[PDB]
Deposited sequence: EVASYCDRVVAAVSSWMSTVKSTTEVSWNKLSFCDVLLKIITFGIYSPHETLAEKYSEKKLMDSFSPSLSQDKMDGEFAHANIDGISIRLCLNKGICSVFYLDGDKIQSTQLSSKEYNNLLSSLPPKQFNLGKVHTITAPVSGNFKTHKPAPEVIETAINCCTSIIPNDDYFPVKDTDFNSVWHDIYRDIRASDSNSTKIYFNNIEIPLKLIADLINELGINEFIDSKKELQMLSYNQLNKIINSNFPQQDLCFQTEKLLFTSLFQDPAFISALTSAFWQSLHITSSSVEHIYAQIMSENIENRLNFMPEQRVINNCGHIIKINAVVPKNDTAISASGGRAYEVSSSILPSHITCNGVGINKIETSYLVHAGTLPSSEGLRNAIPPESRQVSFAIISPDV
């Protein structure tokens, strides 16, 4: 009753509805189930079976419906939430805008659909052991990325609260990450004094809402686990975790070259990091989507590569603690292509 075909809305084009949809994990799943949504006794299952996508309304509660979709399935994929699903191939999502082989950069409605679209998981199997070199670049990586940050190409969230860019810049400075810093060094933490001072100059205001945000941030920025989680999302090769992935990545980088060459002969694009605390001090689930520029054939699009992991409660901020706490074996990687029109 609640959403009888209110989903048939989505499958043929306010969407707070979509985020009920989660990656269907458990073994109670249906066959080919890749997502599910629990809503008003209703439970919607999304299935895939050899390239074809079934929906299971299947629930007034003893009631079951089911259709099969064609390129209404393409519509479905775009209305999906920014989560890592078990689709088959790496999928391609078209932003609303005709392509342009002139422009230096990605259409901003391409940048938008890249941020808000879902990614398909790339099943690792051949997990890489941990090299002694893992995460060495990390400090430097954050330093560079943040300095060239664009407040709308790169955004950082904690439990869905947006931490201001220019506040995390002030953070890393106070922690010691400059050009002059040793890739190896474990990071001295900060004092209540030290960081209380920076959350105040980045919320110069004294609104009542900020006042609570500031309590969290004040006490988050003192957790080692947390600055570990935060800095790691920036390591340049975070997503290179298996041959299976390396295969997809390479296929893509190549397809990017061959396109730039057949369409526009003669970059940077940043990070969307989402960090949530969770039940093991306290442990953090992190997600670091990166948005490299990727030439599609309708013009200049982007390749979203999202990689997520668990920074466990202990974890201390060094290239050492990081590479051990976040072994390749434990990162999960998914791709999307976002192309203009």
Query raised in the report: What stretches of this chain's deposited sequence are missing C-alpha coordinates?
Result: 14 to 57, 311 to 314, 329 to 338, 400
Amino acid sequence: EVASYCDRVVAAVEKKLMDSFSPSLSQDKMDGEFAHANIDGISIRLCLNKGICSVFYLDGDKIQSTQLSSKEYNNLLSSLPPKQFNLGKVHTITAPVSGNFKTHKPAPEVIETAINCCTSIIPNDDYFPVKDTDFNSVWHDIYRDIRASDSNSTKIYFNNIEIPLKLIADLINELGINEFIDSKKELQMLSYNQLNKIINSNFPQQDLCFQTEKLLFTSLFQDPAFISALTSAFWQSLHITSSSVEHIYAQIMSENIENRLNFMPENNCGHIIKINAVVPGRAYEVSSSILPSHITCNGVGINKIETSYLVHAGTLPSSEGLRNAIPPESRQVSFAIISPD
From here on, numbers count along this sequence of modelled residues.
Report summary line: Averaging the C-alpha temperature factors as deposited, the higher value of 154 to 162 versus 180 to 188 falls on 180 to 188
Query raised in the report: On average, are the C-alpha B-factors higher in 247 to 255 or in 194 to 202?
Result: 194 to 202
Report task. Among the candidates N268, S242, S79, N86, give the one with the maximum CA B-factor reported in the record. Result -> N268
Report summary line: Reading the B-factor column for Cα atoms of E306, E285, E33, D61, the highest value belongs to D61
Query raised in the report: Ranked by Cα temperature factor within the chain, is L261 in the lowest third, the middle third or the highest third?
Result: middle
Requested in this report: Rank-wise, by C-alpha B-factor, drop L17 into the lowest, middle or highest third of its chain.
Outcome: highest
Query raised in the report: By its CA B factor, does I172 count among the lowest, middle or highest third of the modelled residues in the chain?
Result: middle
Query raised in the report: Once the chain's modelled residues are ordered by C-alpha B factor and cut into thirds, is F226 in the lowest, middle or highest one?
Result: lowest
Report summary line: Of the three thirds of Cα B-factor ranks in this chain, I338 occupies the middle
